[PDB]
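1. Pasting the sequence and an experimental structure:
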Amino acid sequence: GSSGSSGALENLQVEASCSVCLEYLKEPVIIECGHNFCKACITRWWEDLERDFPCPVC
Ligand SMILES: [Zn+2]
Ligand SMILES: [Zn+2]
């Protein structure tokens, strides 16, 4: 029996995470919009050279 693992009780550290899969990453791709996107995701949409395109999530 071991409790106390996850939670925001108290810790000096900030991190982000994808929006689609909601996975924890070290360096999330912050597109123009701002939302977080992982290579696995950001890629699914950024498949073509459609640089000019609105955020999918928004
Ligand atoms: Zn993702
Ligand atoms: Zn967005």
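-> Arrived safely. Numbering: from 1, shown residues only. Ligands and ions are numbered 1, 2, ... in the order given.

2. so how far is residue 1 from the most centrally placed residue in the chain?
-> Centroid-nearest residue in the chain: residue 18, 2.0 Å away (criterion: Cα atoms, centre = their mean). For residue 18, the distance to residue 1 equals 33 Å [Cβ to Cβ, to the nearest Å]. In this view, the C-beta of every residue, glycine as well, is placed from N, C-alpha and C.

3. which ones are touching the residue nearest to the centre of the chain?
-> Going by Cβ atoms under 8 Å, 6 or more residues apart in numbering, residue 18 touches 25, 28, 36-38, 41.

4. Quick one: neighbours of the closest residue to residue 20 other than its chain neighbours, just the number.
-> In space, and not counting its chain neighbours, residue 20 is closest to residue 41: 4.6 Å by Cβ to Cβ, 6 or more residues apart in numbering. Here the number of neighbours of residue 41 (other Cβ atoms under 10 Å) works out to 20.

5. Where does residue 41 sit, in terms of helix or strand?
-> helix 39-45 (DSSP states H and E).

6. Quick one: distance of that helix to the chain centre.
-> 11 Å (Cα atoms, centre = their mean, to the nearest Å).

7. can you check stretch 41-51 too?
-> With Cα atoms, centre = their mean, you get 15 Å for stretch 41-51.

8. Output it in CSV with nothing but the alpha carbons.
-> Listed next in CSV are the C-alpha coordinates belonging to stretch 41-51 (Å, rounded to 0.1, in the frame of the first residue of the first chain):
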residue,chain,number,x,y,z
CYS,A,41,-0.4,14.8,-33.8
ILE,A,42,0.9,18.0,-35.3
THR,A,43,2.1,15.8,-38.1
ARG,A,44,-1.3,14.2,-38.8
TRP,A,45,-2.5,17.7,-39.7
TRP,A,46,0.9,19.2,-40.9
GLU,A,47,1.1,16.4,-43.5
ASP,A,48,1.1,18.8,-46.5
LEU,A,49,2.7,22.2,-47.0
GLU,A,50,-0.5,23.9,-46.0
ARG,A,51,1.4,26.4,-43.9
